[PDB]
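Take a look at this single chain, the form solved without the ligand, given in structure tokens.
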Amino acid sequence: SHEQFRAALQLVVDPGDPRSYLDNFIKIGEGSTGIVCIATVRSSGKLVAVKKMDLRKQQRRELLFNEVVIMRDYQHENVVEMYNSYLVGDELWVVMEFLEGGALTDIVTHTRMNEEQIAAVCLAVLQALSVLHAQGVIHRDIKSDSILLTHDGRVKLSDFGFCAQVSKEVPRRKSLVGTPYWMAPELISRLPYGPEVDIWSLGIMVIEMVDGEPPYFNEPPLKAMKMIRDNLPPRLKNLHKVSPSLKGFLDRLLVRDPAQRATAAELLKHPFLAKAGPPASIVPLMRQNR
């Protein structure tokens, strides 16, 4: 049955073994579904990233097909580019763009972002989401760990292993999927849900960028989920430090009723995003610069 799943994934990935062209694998990261390495392309010396996911270590194996559907169908300027996929022994390897700036997590846990920088992140993220949600794709795991940066401060959404599609025949999803602290209240309540859940998770990421941590982060997962399910929307620890503009923005995201929550398309017009700086404005936040 492992062997049965290996055969199925083989029909879907590219033929071959990229070790035939990559050198010097160095692990740089751990994800929910596997690990991430830098590799050197031997013909040219360029760097790529390689995501390795052990078919035996998955919560749900069939979610590994997510990486193939996104790669094949849903590329965009603010989405990490995937080049090729391979089955190597017991692992799916995806060779992808290397985002040398690392994850937004390393930033929010170590410095303070100003509002120009927060607005730049939110705009980049909302551009990816407007396009994905127009095609019925819901990411379902928006949080700082899923946002990667280039060396020159461009922002890209990554980590689509848990995404799902909605459509006229399947207008909503029912799976309990996400990282507890960032999960939308309707998703925790087990109400069927749609793209609106990424909007709520993005609002929690805005709290990450202001406070450094999502709400209830010191509470065990389950307890945090109960409180998200049952309490009023969570508040910034530092409400006093955010502009009225940023506050009114967040109030469009952390709306408990999914019907009243802003859509990505609507949030691209919010006046808070007018503060968005260029990618250069993100650069000084990165570990090699701060």
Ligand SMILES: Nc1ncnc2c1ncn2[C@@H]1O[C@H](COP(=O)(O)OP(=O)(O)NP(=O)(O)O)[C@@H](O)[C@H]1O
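The term rigid core refers to the most C-alpha atoms you can superpose between the two forms while keeping them within 1.5 Å. Don't overthink the numbering: it's just position in the shown sequence, from 1.
- Root mean square Cα distance to the shown form, taken over structures and residues in 7 other deposited structures of this protein after a core fit, is higher for 62 to 70 when 62 to 70 and 254 to 262 are compared.
- The rigid core fit leaves 88 to 96 as the farther-lying stretch in 7 other deposited structures of this protein, judged by Cα positions and set against 206 to 214 and 88 to 96.
- For the pair 72 to 80 and 116 to 124, the record assigns the higher mean C-alpha temperature factor to 72 to 80.
- In this entry, the higher average B-factor at the C-alpha atoms falls on 219 to 227, of the pair 22 to 30 and 219 to 227.
- Residue-level inspection of the entry shows that, of 41, 50, 253, 232, 232 has the top Cα B-factor.
- Based on the entry's C-alpha B-factors, the most elevated value among 133, 168, 140, 143 belongs to 168.
- In the deposited entry, the Cα temperature factor of residue 191 places it in the highest third of its chain's modelled residues.
- Ranked against the other modelled residues of its chain, the C-alpha B-factor of residue 105 as given in the entry falls in the lowest third.
- The entry lists a Cα temperature factor for residue 85 that places it in the lowest third of the chain's modelled residues.
- Among all modelled residues in its chain, residue 37 ranks in the lowest third by Cα B-factor.
- Placement of the Cα temperature factor of residue 201 within the chain: lowest third of the modelled residues, per the deposited record.
Absent from the display: the form deposited with the ligand bound. The rest refers to it.
- Steric access to the site is blocked in the shown form: after superposition of the site C-alphas, the ligand as positioned in the deposited complex has three or more atoms within 2.4 Å of backbone or C-beta atoms.
- At a distance of at most 4.5 angstroms from the ligand in the deposited complex, none of the three residues 188, 254 and 263 contributes a non-hydrogen atom.
- Residues of just one listed stretch (196 to 204, 96 to 104, 215 to 223, 120 to 128) have heavy atoms within 4.5 Å of the ligand in the deposited complex: 96 to 104.
- The closest non-hydrogen atom of residue 250 lies beyond 4.5 Å of the ligand in the deposited complex.
- In the deposited complex, the ligand sits within 4.5 Å of a heavy atom of residue 162.
- Though the partner is left out of this view, residue 238 does not reach within 4.5 Å of the ligand in the deposited complex, counting heavy atoms only.
- At a distance threshold of 4.5 angstroms between non-hydrogen atoms, residue 30 is in contact with the ligand in the deposited complex.
- The single contact residue among 108, 183, 148, 137, judged by any heavy atom lying within 4.5 Å of the ligand in the deposited complex, is 148.
- Only one of 246, 55, 36, 39 comes within 4.5 Å of the ligand in the deposited complex through a heavy atom, and that residue is 36.
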